């Protein structure tokens, strides 16, 4: 009944803050294992505070499904990547049973579904393309992306590797993928700066994060092409161990939250924007 739960920071879904002695407001305690040095395995769990759309969903589930939890931030990778059949990230923590569930901006996809059970989707996502207002690009199907060297100079676009976006591009557009890797970004903040400092023409990433970021962009310069259009549409889901006894009640509770208007309220609180 007292569950080990893994999360990963990614605003506004999961926001991590430093502790006050304890965690105040709508924040929940979350620990982070921090190494003493990079030449040892020794480290300590730092007490932090967690909030966000996904943390509010976890608070509602804990109350509805009736469980208590020990929330921790992942340190071996990010969302989840299969390396020589060995999963890292939040997916790996569930696979190797260090966590009963993973909560965050975790994309449901076919290869992660082979190793973990996913809840019903609770946030609509997929792949979106962010550009500075006025960049002429139809979508991922555009010849600027598909066949980039047909252009002089070629279109400069990239993603943050090792997540569900890069995995989908790798599986569907082999030329585009091998071309993009020189434009690989360390994270969303570096990518947005590269777009604004004219060092990047387009940033391809998780639709829900891009739409949030476009909606908050100061001066409303960065936009998602189409009407915030989504390619390879999917959703965020709770990952649970295969055959998990928690899945049933989690799905029923999520479907009840949509029905009651509790989900629309969370979208209003965390996801709406100015732009």
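Numbering follows the first chain given and starts at 1.
Scan the PDB entry between residue 265 and residue 266 and report the missing deposited residues as one of none, 1 to 3, 4 to 9, 10 or more.
Nothing is missing between them.
Check the entry's C-alpha temperature factors for 241-249 and 224-232, then say which stretch has the higher mean.
The stretch with the larger mean CA B-factor is 224-232.
Between 138-146 and 68-76, which has the higher average C-alpha B-factor in the PDB entry?
Averaging CA B-factors over each stretch, the winner is 138-146.
Out of 163, 154, 187, 121, whose C-alpha atom has the biggest B factor in the entry?
Result of the comparison over 163, 154, 187, 121: 154.
Between 49, 61, 55, 208, which one tops the list for C-alpha B-factor in the PDB entry?
Highest C-alpha B-factor among the listed residues goes to 49.
Can you tell me whether residue 6 has a C-alpha B-factor in the lowest, middle or highest third compared with the other modelled residues of the same chain?
It belongs to the lowest third of the chain when residues are ordered by C-alpha B-factor.
Please place residue 104 in the lowest, middle or highest third of its chain by C-alpha B factor as given in the entry.
Middle third, going by the recorded CA B-factors of the chain.
Lowest, middle or highest third of the chain for the C-alpha temperature factor of residue 113?
Tercile = lowest for this residue's CA B-factor.
Ranked by Cα temperature factor within the chain, is residue 35 in the lowest third, the middle third or the highest third?
CA B-factor rank for residue 35: lowest third.
Compared with the other modelled residues in the chain, in which third is the CA B-factor of residue 198?
Its C-alpha B-factor belongs to the highest third of this chain's values.
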